[PDB]
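Novice: Sharing run.cif (mmCIF, C-alpha atoms) below.
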data_target
loop_
_atom_site.label_atom_id
_atom_site.label_comp_id
_atom_site.auth_asym_id
_atom_site.auth_seq_id
_atom_site.Cartn_x
_atom_site.Cartn_y
_atom_site.Cartn_z
CA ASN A 1 0.00 0.00 0.00
CA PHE A 2 1.34 3.43 -0.98
CA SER A 3 0.19 7.02 -0.68
CA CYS A 4 1.49 9.16 -3.53
CA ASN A 5 1.05 12.56 -5.09
CA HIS A 6 2.21 14.47 -8.14
CA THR A 7 2.80 18.19 -8.27
CA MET A 8 0.74 19.54 -11.16
CA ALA A 9 -2.60 17.98 -10.20
CA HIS A 10 -4.33 20.86 -8.43
CA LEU A 11 -2.74 23.38 -10.79
CA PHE A 12 -3.65 21.18 -13.74
CA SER A 13 -7.22 20.98 -12.48
CA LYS A 14 -7.43 24.76 -12.25
CA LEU A 15 -5.82 25.06 -15.67
CA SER A 16 -8.17 22.47 -17.13
CA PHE A 17 -11.19 24.34 -15.79
CA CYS A 18 -10.12 27.56 -17.49
CA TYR A 19 -9.29 25.62 -20.64
CA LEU A 20 -12.81 24.22 -20.74
CA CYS A 21 -14.20 27.75 -20.63
CA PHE A 22 -12.24 28.63 -23.77
CA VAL A 23 -13.59 25.59 -25.60
CA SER A 24 -17.09 26.54 -24.48
CA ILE A 25 -16.76 29.98 -26.06
CA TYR A 26 -15.34 28.32 -29.16
CA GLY A 27 -18.39 26.10 -29.45
CA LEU A 28 -20.72 29.04 -28.95
CA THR A 29 -18.96 30.83 -31.79
CA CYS A 30 -19.58 27.92 -34.15
CA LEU A 31 -23.25 27.85 -33.17
CA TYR A 32 -23.71 31.47 -34.20
CA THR A 33 -21.94 30.86 -37.50
CA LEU A 34 -23.98 27.69 -37.96
CA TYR A 35 -27.16 29.65 -37.36
CA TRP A 36 -25.89 32.33 -39.72
CA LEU A 37 -25.18 29.49 -42.14
CA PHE A 38 -28.65 28.00 -41.65
CA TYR A 39 -30.98 31.01 -41.43
CA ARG A 40 -29.98 33.20 -44.37
CA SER A 41 -29.65 30.59 -47.17
CA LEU A 42 -26.53 32.24 -48.58
CA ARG A 43 -26.84 30.25 -51.84
CA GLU A 44 -28.63 33.12 -53.61
CA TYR A 45 -27.88 36.82 -53.15
CA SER A 46 -29.89 39.69 -54.61
CA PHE A 47 -28.47 43.19 -54.21
CA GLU A 48 -31.78 45.12 -54.29
CA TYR A 49 -29.80 48.18 -53.13
CA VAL A 50 -27.33 48.94 -55.93
CA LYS B 1 6.90 13.86 -10.68
CA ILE B 2 5.18 11.38 -8.36
CA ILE B 3 6.35 10.98 -4.77
CA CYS B 4 5.31 7.76 -3.03
CA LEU B 5 5.47 6.43 0.52
CA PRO B 6 4.14 3.29 2.22
CA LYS B 7 0.66 3.91 3.58
CA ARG B 8 -0.31 1.57 6.41
CA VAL B 9 1.62 1.63 9.68
CA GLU B 10 4.94 11.83 21.41
CA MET B 11 5.36 11.02 17.71
CA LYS B 12 8.92 10.25 16.64
CA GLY B 13 10.45 9.62 13.23
CA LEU B 14 9.09 7.00 10.86
CA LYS B 15 12.06 5.89 8.78
CA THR B 16 11.21 3.39 6.05
CA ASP B 17 14.79 2.03 5.78
CA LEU B 18 14.47 2.02 1.97
CA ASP B 19 17.17 3.19 -0.41
CA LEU B 20 16.89 5.76 -3.19
CA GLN B 21 16.72 3.11 -5.92
CA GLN B 22 13.66 1.52 -4.34
CA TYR B 23 12.07 4.97 -4.02
CA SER B 24 12.56 5.64 -7.73
CA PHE B 25 11.25 2.18 -8.61
CA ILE B 26 8.13 2.74 -6.51
CA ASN B 27 7.60 6.17 -8.05
CA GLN B 28 7.74 4.72 -11.56
CA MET B 29 5.52 1.76 -10.67
CA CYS B 30 2.75 3.74 -9.00
CA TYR B 31 2.98 6.50 -11.62
CA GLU B 32 2.27 3.92 -14.30
CA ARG B 33 -0.41 2.22 -12.19
CA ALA B 34 -2.34 4.65 -10.03
CA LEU B 35 -2.16 7.92 -11.95
CA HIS B 36 -5.03 8.34 -14.39
CA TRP B 37 -4.18 7.96 -18.07
CA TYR B 38 -6.00 11.16 -19.01
CA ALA B 39 -4.34 12.94 -16.10
CA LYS B 40 -0.99 12.09 -17.68
CA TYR B 41 -1.99 12.65 -21.31
CA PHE B 42 -3.82 15.96 -20.80
CA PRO B 43 -1.01 18.11 -22.30
CA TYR B 44 -0.63 15.89 -25.37
CA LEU B 45 -4.42 15.56 -25.59
CA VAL B 46 -4.95 19.33 -25.65
CA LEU B 47 -2.05 19.77 -28.07
CA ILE B 48 -3.50 17.20 -30.48
CA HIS B 49 -6.99 18.71 -30.34
CA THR B 50 -5.66 22.22 -30.96
CA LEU B 51 -3.50 20.99 -33.84
CA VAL B 52 -6.47 19.22 -35.43
CA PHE B 53 -8.59 22.36 -35.06
CA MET B 54 -5.86 24.45 -36.69
CA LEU B 55 -5.44 21.92 -39.50
CA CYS B 56 -9.16 21.78 -40.26
CA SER B 57 -9.30 25.58 -40.18
CA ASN B 58 -6.34 26.02 -42.55
CA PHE B 59 -7.25 23.22 -44.99
CA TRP B 60 -9.84 25.61 -46.46
CA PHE B 61 -7.01 27.58 -48.10
CA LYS B 62 -4.33 24.85 -48.09
CA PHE B 63 -6.33 22.78 -50.60
CA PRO B 64 -5.00 23.94 -54.00
CA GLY B 65 -8.09 23.01 -56.02
CA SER B 66 -10.20 25.65 -54.29
CA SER B 67 -7.17 27.78 -53.42
CA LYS C 1 10.65 26.06 -2.88
CA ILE C 2 9.16 25.25 0.53
CA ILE C 3 11.34 23.86 3.30
CA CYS C 4 9.47 22.01 6.06
CA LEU C 5 10.38 20.60 9.45
CA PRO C 6 8.36 19.05 12.29
CA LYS C 7 7.25 21.73 14.73
CA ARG C 8 6.44 20.32 18.17
CA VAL C 9 9.19 18.77 20.28
CA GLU C 10 23.48 22.56 26.46
CA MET C 11 21.35 22.16 23.33
CA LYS C 12 22.47 19.41 20.96
CA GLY C 13 21.37 18.41 17.48
CA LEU C 14 17.75 17.63 16.67
CA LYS C 15 17.96 14.88 14.07
CA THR C 16 14.58 13.86 12.66
CA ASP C 17 15.78 10.47 11.31
CA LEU C 18 13.90 11.18 8.07
CA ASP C 19 15.25 10.44 4.61
CA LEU C 20 15.41 12.77 1.62
CA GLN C 21 12.36 11.22 -0.03
CA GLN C 22 10.23 11.93 3.03
CA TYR C 23 11.52 15.51 3.07
CA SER C 24 10.51 16.04 -0.56
CA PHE C 25 7.11 14.45 0.08
CA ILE C 26 6.51 16.73 3.06
CA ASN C 27 7.57 19.76 1.05
CA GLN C 28 5.08 18.90 -1.69
CA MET C 29 2.28 18.15 0.77
CA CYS C 30 2.60 21.31 2.84
CA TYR C 31 3.19 23.39 -0.30
CA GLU C 32 -0.14 22.19 -1.65
CA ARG C 33 -1.90 22.54 1.71
CA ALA C 34 -0.53 25.42 3.74
CA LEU C 35 0.69 27.88 1.11
CA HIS C 36 -1.93 30.40 0.06
CA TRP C 37 -3.41 29.87 -3.39
CA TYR C 38 -3.00 33.53 -4.35
CA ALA C 39 0.53 33.48 -2.94
CA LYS C 40 1.33 30.75 -5.46
CA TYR C 41 -0.67 32.15 -8.39
CA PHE C 42 0.51 35.76 -8.03
CA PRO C 43 2.93 35.66 -11.02
CA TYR C 44 0.34 34.08 -13.33
CA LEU C 45 -2.29 36.40 -11.85
CA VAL C 46 -0.28 39.52 -12.71
CA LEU C 47 0.59 38.08 -16.12
CA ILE C 48 -3.07 37.44 -16.96
CA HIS C 49 -4.20 40.88 -15.78
CA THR C 50 -1.48 42.61 -17.80
CA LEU C 51 -2.32 40.53 -20.87
CA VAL C 52 -6.01 41.39 -20.58
CA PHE C 53 -5.16 45.09 -20.22
CA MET C 54 -2.96 44.89 -23.31
CA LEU C 55 -5.66 43.06 -25.27
CA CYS C 56 -8.36 45.57 -24.36
CA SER C 57 -5.98 48.40 -25.27
CA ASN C 58 -5.10 46.88 -28.66
CA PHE C 59 -8.60 45.75 -29.68
CA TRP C 60 -9.39 49.38 -30.51
CA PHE C 61 -7.22 49.04 -33.62
CA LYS C 62 -7.35 45.24 -33.93
CA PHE C 63 -11.06 45.25 -34.85
CA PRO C 64 -11.08 45.54 -38.67
CA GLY C 65 -14.52 47.14 -38.94
CA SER C 66 -13.31 50.31 -37.23
CA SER C 67 -9.67 49.72 -38.19
#
For the structure just supplied, provide its representation as structure tokens.
Specialist:
Amino acid sequence: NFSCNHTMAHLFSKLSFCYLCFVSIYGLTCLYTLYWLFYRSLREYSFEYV
Amino acid sequence: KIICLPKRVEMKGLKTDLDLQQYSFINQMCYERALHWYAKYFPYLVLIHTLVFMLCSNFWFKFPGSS
Amino acid sequence: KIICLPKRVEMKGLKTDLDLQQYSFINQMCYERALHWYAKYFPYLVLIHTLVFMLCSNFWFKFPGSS
């Protein structure tokens, strides 16, 4: 039986938490683009202003 | 680095009468055994995911046919 | 680096009959436990705050729409 510990763990955990946040924002970004990809039907564009 | 000690045993000293070589052996053994695989691979895991994201972002222009 | 010793005990030497491995283990343990989290994160804390200040200063010109 052995009790052991490695140094980075707590720090890593904290780091990992923050890292997850970044990924979350990343995903949110894609969603908006995806909605912008799937709400405007960018296949046909009419100027109607020029 | 993993530091390991035996678990089960006025408070005096608690020498384990074990040499440095045994300590290093135990550190390696328990590091391979007890430590979680993801806990050890997290840096490489994140690096690989970021590299794949960068590659799939840049392949839009790196593909000559549409480039 | 944290140096740790047991607290409670002609003055002679006070050998603790503990090996180097135990000393390193105790240093790691008390460093994780006793040392204040902000005391340890202060360099990264200052780095992050300065980076955020720089980013919010530079985004004025880094946003192409107004750039």
Novice: Which polymer residues have any atom within 10 Å of an atom of residue B:20, counting all atoms listed in the file, with same-chain residues fewer than 6 positions away left out, as a PyMOL selection string?
Specialist: (chain B and resi 26) or (chain C and resi 19-21)
Novice: Using all atoms listed in the file, which chain C residues lie at most 9 Å away from chain A, written as a PyMOL selection string?
Specialist: chain C and resi 25+28-29+32
Novice: Using all atoms listed in the file, which of the listed residues (C:18, C:52, C:5, C:12) sits closest to chain B?
Specialist: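 For chain B, the nearest of the candidates is C:18.
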Novice: Least-squares superpose chain B on chain C across all ordered C-alpha pairs, then write out what you get as a compact mmCIF listing (two decimals) with C-alpha atoms, in the frame of the given file.
Specialist:
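selection_31.txt written:
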# COMPACT_ATOMS: atom_id res chain seq x y z
CA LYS B 1 10.64 26.11 -2.96
CA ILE B 2 9.12 25.22 0.41
CA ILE B 3 11.29 23.80 3.18
CA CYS B 4 9.46 21.96 5.96
CA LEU B 5 10.41 20.54 9.35
CA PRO B 6 8.42 18.96 12.19
CA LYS B 7 7.30 21.62 14.64
CA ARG B 8 6.57 20.28 18.12
CA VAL B 9 9.36 18.72 20.18
CA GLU B 10 23.35 22.90 26.46
CA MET B 11 21.35 22.37 23.26
CA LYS B 12 22.57 19.52 21.07
CA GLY B 13 21.51 18.36 17.62
CA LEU B 14 17.91 17.56 16.78
CA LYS B 15 18.07 14.95 14.04
CA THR B 16 14.69 13.94 12.64
CA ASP B 17 15.93 10.56 11.30
CA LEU B 18 13.92 11.13 8.09
CA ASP B 19 15.20 10.40 4.61
CA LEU B 20 15.32 12.75 1.62
CA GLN B 21 12.26 11.17 -0.02
CA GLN B 22 10.12 11.90 3.03
CA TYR B 23 11.44 15.47 3.06
CA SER B 24 10.41 15.99 -0.56
CA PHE B 25 7.01 14.40 0.10
CA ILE B 26 6.42 16.70 3.07
CA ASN B 27 7.51 19.73 1.05
CA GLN B 28 5.03 18.90 -1.71
CA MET B 29 2.22 18.12 0.74
CA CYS B 30 2.53 21.28 2.82
CA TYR B 31 3.16 23.41 -0.28
CA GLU B 32 -0.17 22.23 -1.67
CA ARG B 33 -1.89 22.58 1.71
CA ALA B 34 -0.55 25.46 3.76
CA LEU B 35 0.70 27.93 1.16
CA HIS B 36 -1.97 30.39 0.08
CA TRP B 37 -3.43 29.89 -3.39
CA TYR B 38 -3.00 33.55 -4.30
CA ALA B 39 0.52 33.47 -2.89
CA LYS B 40 1.32 30.75 -5.42
CA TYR B 41 -0.67 32.18 -8.33
CA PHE B 42 0.50 35.79 -8.00
CA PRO B 43 2.88 35.63 -11.01
CA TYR B 44 0.28 34.03 -13.28
CA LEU B 45 -2.39 36.35 -11.85
CA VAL B 46 -0.39 39.49 -12.66
CA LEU B 47 0.54 38.10 -16.07
CA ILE B 48 -3.11 37.40 -16.93
CA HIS B 49 -4.26 40.84 -15.77
CA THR B 50 -1.54 42.59 -17.77
CA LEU B 51 -2.33 40.51 -20.85
CA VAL B 52 -6.03 41.35 -20.57
CA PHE B 53 -5.21 45.04 -20.20
CA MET B 54 -2.98 44.91 -23.28
CA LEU B 55 -5.63 43.03 -25.26
CA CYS B 56 -8.39 45.49 -24.37
CA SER B 57 -6.06 48.37 -25.23
CA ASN B 58 -5.07 46.94 -28.62
CA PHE B 59 -8.54 45.72 -29.66
CA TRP B 60 -9.35 49.35 -30.51
CA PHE B 61 -7.14 49.06 -33.61
CA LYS B 62 -7.18 45.25 -33.99
CA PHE B 63 -10.90 45.30 -34.84
CA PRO B 64 -10.96 45.59 -38.66
CA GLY B 65 -14.42 47.16 -38.92
CA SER B 66 -13.26 50.36 -37.23
CA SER B 67 -9.63 49.81 -38.26
Novice: Using the chain letters and numbers from this file, what does the PyMOL selection byres ((chain C and resi 9) around 10) select? Give the answer as a PyMOL selection string.
Specialist: (chain B and resi 10-12) or (chain C and resi 6-8+14)
Novice: Apply the PyMOL selection byres ((chain B) within 7 of (chain C)) to the structure shown and report the selected residues as a JSON list (two decimals) with C-alpha atoms, in the frame of the given file.
Specialist:
[["chain", "number", "residue", "atom", "x", "y", "z"],
["B", 3, "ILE", "CA", 6.35, 10.98, -4.77],
["B", 13, "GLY", "CA", 10.45, 9.62, 13.23],
["B", 14, "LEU", "CA", 9.09, 7.00, 10.86],
["B", 15, "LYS", "CA", 12.06, 5.89, 8.78]]
Novice: Just give me the gap between atom CA of residue B:30 and atom CA of residue A:3 in Å, one decimal is fine.
Specialist: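 Taking atom CA of residue B:30 as the start and atom CA of residue A:3 as the end point, the length is 9.3 Å.
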Novice: If we count all atoms listed in the file and set the cut-off at 12 Å, which residues sit around residue C:40, ignoring sequence neighbours fewer than 5 positions away in its own chain? Please answer as a PyMOL selection string.
Specialist: (chain A and resi 10-11) or (chain C and resi 1-2+31-35+45-46)
Novice: Using only C-alpha atoms, which residues sit within 12 Å of residue A:14 once same-chain residues fewer than 6 positions away are excluded, as an mmCIF file with C-alpha atoms, in the coordinates of the input?
Specialist:
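Written output follows (part_4.cif):
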data_model
loop_
_atom_site.group_PDB
_atom_site.id
_atom_site.type_symbol
_atom_site.label_atom_id
_atom_site.label_comp_id
_atom_site.auth_asym_id
_atom_site.auth_seq_id
_atom_site.Cartn_x
_atom_site.Cartn_y
_atom_site.Cartn_z
ATOM 1 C CA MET A 8 0.740 19.540 -11.160
ATOM 2 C CA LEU A 20 -12.810 24.220 -20.740
ATOM 3 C CA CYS A 21 -14.200 27.750 -20.630
ATOM 4 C CA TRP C 37 -3.410 29.870 -3.390
ATOM 5 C CA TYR C 41 -0.670 32.150 -8.390
#
Novice: What is the atom CA of residue B:47 to atom CA of residue A:17 distance in Å?
Specialist: 16.0 Å
Novice: Can you measure atom CA of residue A:39 to atom CA of residue A:25 for me? One decimal in Å is fine.
Specialist: 21.0 Å
Novice: Measuring atom to atom with all atoms listed in the file, identify which of C:56, C:4, C:51, C:39 is nearest to residue C:27.
Specialist: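 Smallest distance to residue C:27 is found for C:4.
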Novice: Kindly reconstruct stretch 6-36 of chain B with N, CA and C atoms and present the result as a short mmCIF file (atom, residue, chain, number, x, y, z; two decimals), in the frame of the given file.
Specialist:
data_model
loop_
_atom_site.label_atom_id
_atom_site.label_comp_id
_atom_site.auth_asym_id
_atom_site.auth_seq_id
_atom_site.Cartn_x
_atom_site.Cartn_y
_atom_site.Cartn_z
N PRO B 6 5.04 4.34 1.72
CA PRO B 6 4.14 3.29 2.22
C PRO B 6 3.02 3.91 3.06
N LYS B 7 1.84 3.31 2.97
CA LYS B 7 0.66 3.91 3.58
C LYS B 7 0.41 3.41 5.00
N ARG B 8 0.18 2.11 5.15
CA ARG B 8 -0.31 1.57 6.41
C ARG B 8 0.84 1.36 7.39
N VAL B 9 0.63 1.80 8.63
CA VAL B 9 1.62 1.63 9.68
C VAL B 9 0.95 1.06 10.93
N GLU B 10 3.73 11.42 22.12
CA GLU B 10 4.94 11.83 21.41
C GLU B 10 5.16 11.00 20.15
N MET B 11 5.15 11.67 19.00
CA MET B 11 5.36 11.02 17.71
C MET B 11 6.80 11.26 17.26
N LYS B 12 7.54 10.18 17.05
CA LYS B 12 8.92 10.25 16.64
C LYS B 12 9.02 9.93 15.15
N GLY B 13 10.24 9.84 14.64
CA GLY B 13 10.45 9.62 13.23
C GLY B 13 9.99 8.25 12.77
N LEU B 14 9.75 8.15 11.46
CA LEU B 14 9.09 7.00 10.86
C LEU B 14 9.89 6.50 9.67
N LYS B 15 11.19 6.29 9.87
CA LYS B 15 12.06 5.89 8.78
C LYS B 15 11.58 4.59 8.14
N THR B 16 11.66 4.54 6.82
CA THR B 16 11.21 3.39 6.05
C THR B 16 12.35 2.47 5.66
N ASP B 17 13.58 2.80 6.06
CA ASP B 17 14.79 2.03 5.78
C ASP B 17 14.85 1.52 4.34
N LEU B 18 14.41 2.35 3.39
CA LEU B 18 14.47 2.02 1.97
C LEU B 18 15.43 2.96 1.26
N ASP B 19 16.17 2.42 0.29
CA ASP B 19 17.17 3.19 -0.41
C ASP B 19 16.53 4.04 -1.51
N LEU B 20 17.37 4.87 -2.14
CA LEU B 20 16.89 5.76 -3.19
C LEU B 20 16.40 4.97 -4.40
N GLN B 21 17.10 3.90 -4.75
CA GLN B 21 16.72 3.11 -5.92
C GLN B 21 15.32 2.55 -5.77
N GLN B 22 15.00 2.02 -4.58
CA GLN B 22 13.66 1.52 -4.34
C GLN B 22 12.64 2.65 -4.43
N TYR B 23 12.99 3.84 -3.93
CA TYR B 23 12.07 4.97 -4.02
C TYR B 23 11.76 5.30 -5.47
N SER B 24 12.79 5.35 -6.32
CA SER B 24 12.56 5.64 -7.73
C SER B 24 11.74 4.54 -8.39
N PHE B 25 12.02 3.28 -8.06
CA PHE B 25 11.25 2.18 -8.61
C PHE B 25 9.78 2.31 -8.24
N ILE B 26 9.51 2.61 -6.97
CA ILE B 26 8.13 2.74 -6.51
C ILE B 26 7.45 3.91 -7.19
N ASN B 27 8.17 5.02 -7.36
CA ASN B 27 7.60 6.17 -8.05
C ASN B 27 7.19 5.80 -9.46
N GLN B 28 8.08 5.13 -10.20
CA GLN B 28 7.74 4.72 -11.56
C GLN B 28 6.55 3.76 -11.56
N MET B 29 6.57 2.77 -10.68
CA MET B 29 5.52 1.76 -10.67
C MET B 29 4.16 2.38 -10.40
N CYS B 30 4.05 3.16 -9.33
CA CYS B 30 2.75 3.74 -9.00
C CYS B 30 2.34 4.81 -10.00
N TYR B 31 3.31 5.53 -10.58
CA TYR B 31 2.98 6.50 -11.62
C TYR B 31 2.34 5.81 -12.81
N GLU B 32 2.89 4.67 -13.22
CA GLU B 32 2.27 3.92 -14.30
C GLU B 32 0.92 3.36 -13.87
N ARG B 33 0.82 2.87 -12.63
CA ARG B 33 -0.41 2.22 -12.19
C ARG B 33 -1.48 3.22 -11.78
N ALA B 34 -1.25 3.95 -10.69
CA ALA B 34 -2.34 4.65 -10.03
C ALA B 34 -2.77 5.89 -10.80
N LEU B 35 -1.82 6.66 -11.32
CA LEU B 35 -2.16 7.92 -11.95
C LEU B 35 -3.04 7.69 -13.17
N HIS B 36 -4.07 8.52 -13.31
CA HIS B 36 -5.03 8.34 -14.39
C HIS B 36 -4.37 8.62 -15.74
#
